[PDB]
Ligand SMILES: Nc1ncnc2c1ncn2[C@@H]1O[C@H](COP(=O)(O)OP(=O)(O)OP(=O)(O)O)[C@@H](O)[C@H]1O
Ligand SMILES: Nc1ncnc2c1ncn2[C@@H]1O[C@H](COP(=O)(O)OP(=O)(O)OP(=O)(O)O)[C@@H](O)[C@H]1O
Ligand SMILES: [Mg+2]
Ligand SMILES: [Mg+2]
Ligand SMILES: [Mg+2]
Ligand SMILES: [Mg+2]
């Protein structure tokens, strides 16, 4: 039995913990917040700040099989980079790839350098899409309908179409492009639902090439919009993602935690077909169910399993109003929809 140490106990941490459990691994959480979101979901919880008390983490690295950073605190990531040679186990992270992926402008320069289409910068006609250069979860992302308009903000052409995610796990030499998923967006451009998509040869080749040219040793997701004039890559994020890996697990049978672990041990090779519906629903006043995105879920107080039966998993995120994360799967759309209705009827 393997043990994984996660640094970060919010949504990235949940995803990693969830898949580690599916892989039969013990989950050790480190987080500076005494009431970190997934503290009760982990098998062990150690509350400390890794920057303030690095020896505690280094000692933990002697007792676990891998350390996985699952936060986007640049201070933390940069600090871990500075001490990574001192770890007694592998650190499942690509610090160079993250340096590029975290900065949307640097990422776009990277896309351009290898001929990957990406939205036009500073268009002359509305609507414009605007976003910060270094946020996540669509924080600060908004549409602007007139040139009546902020610091180092990205201003792009608004590309209408499906938002599609693809994960790649690299071992430095081989790059495993995994499973396409559809990102369902809400009025805030946050993601409230994920479903799987059939293979797209072009997107897979593009994603392979983005990983290969680094070269990636770690995990990265690639996001593109299938726009009216073709695919446009909007961003990359070289860290363990939330939401999509659960859909990847059920739709493809691939456990991204197992794959990432393999990349830092035995290596990876390049290359199920079920349906899966993954969504978040808030239980509002008078029991009115409301779709919400990650920004809402990340404001919760306690996150863990609520219910399971065949083809149905439900997680409850406690807080001001409860948020349920619902996972449904089956052989096809029809059966999965049937499981969705059963899951909803439970609520
Ligand atoms: N140096 C650190 N040591 C331990 N845990 C950390 C450190 N930096 C961040 N974390 C934890 O990782 C989790 C995710 O952090 P991240 O900064 O990615 O998201 P966030 O929502 O901005 O976090 P916060 O709740 O601090 O605003 C948080 O629970 C946070 O407490
Ligand atoms: N140029 C664009 N045209 C249209 N929609 C866009 C554009 N850029 C971003 N979006 C929308 O905004 C959302 C968030 O943007 P983006 O993924 O670039 O930021 P992020 O917050 O770093 O995302 P992530 O949560 O994946 O870390 C996208 O999923 C998409 O719905
Ligand atoms: Mg992002
Ligand atoms: Mg995906
Ligand atoms: Mg994104
Ligand atoms: Mg990015």
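What follows draws every value from the coordinates through simple rules; no lab data is involved. In this analysis, Cβ positions are derived from the backbone assuming ideal geometry, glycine residues included, and neighbour counts consider all displayed protein chains.
Remarks
- Highest to lowest packing among 7-16, 36-45, 80-89, scored as the average C-beta count within 10 Å: 7-16, 36-45, 80-89
- On the basis of the beta-carbon distance and an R0 of 22 Å, residue 142 and residue 320 show a calculated FRET efficiency of 0.40.
- FRET efficiency estimate (nearest 0.05) - Cβ-Cβ, residue 288 to residue 150, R0 35 angstrom: 0.50
- In terms of other Cβ atoms within 10 Å, 178, 163, 70 run from fewest to most in the order 163, 178, 70.
- Based on Cα contacts under 8 Å between residues 6+ apart, segment 2-94 shows a relative contact order of 32 percent.
- Ranked by the mean number of other Cβ atoms within 10 Å per residue, highest first, peptides 315-328, 128-141 order as 315-328, 128-141.
- Counted by neighbouring Cβ atoms within 10 Å, the residues 174, 280 run from fewest to most as 174, 280.
- Euclidean distance of C-alpha centroids, segment 79-142 and segment 13-50, integer Å: 25
- Sorted by Cβ density within 10 Å, fewest first, the residues 340, 333: 333, 340
- Estimated distance in nm for a label pair at residue 79 and residue 99, the labels positioned 7 Å out from Cα along Cα-to-Cβ: 2.0
- An oblate overall shape is assigned to segment 95-347, the ratio a/c of its alpha-carbon gyration tensor axes (a ≥ b ≥ c) being 1.5 or greater and a/b not exceeding b/c.
- Centroid-to-centroid separation of segment 166-200 and segment 212-262 [C-alpha atoms, Å]: 5
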